[PDB]
Amino acid sequence: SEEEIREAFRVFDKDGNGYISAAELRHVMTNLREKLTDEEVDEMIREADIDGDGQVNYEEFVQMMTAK
């Protein structure tokens, strides 16, 4: 199950730069593991917003996505 969520990010990070935007993070999150509602995804995405550089590293998010 960890492999699935890593490749899911590469669908958007085609360049393989290791970064996606917060708008792409929700795109992945709504496409897989539907255990959360959109409202629940949107309230937590406020902690997972973009940095001042405008990027979010999804590799650390892989670890959080496979959490229990």
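Definitions and limits used
- Residues numbered from 1 in each chain as written, not as in the entry; some residues may be left out.
- Heavy atoms only, no water.
- Buried < 20%, exposed > 50% of the residue type's maximum accessible area, 1.4 Å probe, protein only.
- Helix = DSSP H or I, 4+ residues; strand = E, 2+ residues; numbered from the N terminus.
- Arc of directions from axis to C-beta.
- Contact = heavy atoms within 4.5 Å.
- Core = buried A, V, L, I, M, F, W, Y, C linked by side-chain atoms within 4.5 Å.

- The deposited coordinates for this entry were obtained by solution NMR.

- Looking at the PDB entry, one finds the chain named Calmodulin-1 and attributed to Homo sapiens.

Describing helix 2 (residues 22-31)
Okay, so step 1: Restricting attention to buried positions, one finds in helix 2 the residues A22, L25, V28 and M29. Projected onto a plane normal to the axis of helix 2, the buried residues spread over an arc of 115° and lie on a single side.
Okay, so step 2: At its buried positions, helix 2 is contacted by helix 1 (2-10), helix 3 (38-44) and helix 4 (59-65).
Okay, so step 3: Looking one or two places after helix 2, you find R33, whose phi comes out positive at around 50°.

Digging into the nonpolar core
Okay, so step 1: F9, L25, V28, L32, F61 and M65 are the most contacted members of the largest nonpolar core, which has 16 residues in total.
Okay, so step 2: Mapped onto this core, the elements with two or more residues apiece are helix 1, helix 2 and helix 4.
Okay, so step 3: Non-local contacts of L32, meaning those with residues more than four positions away in its chain, are made with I5, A8 and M65.

A look at helix 1
Okay, so step 1: Inspection of helix 1 places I5, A8 and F9 among the buried residues, and these make up the whole buried set. Buried residues in helix 1, looked at end-on, bunch into an arc of 95°, giving them a common side. Exposed and facing more than 90 degrees away from the buried side of helix 1 are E3, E4 and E7.
Okay, so step 2: Those residues of helix 1 that are buried lie in contact with helix 2 and helix 4.

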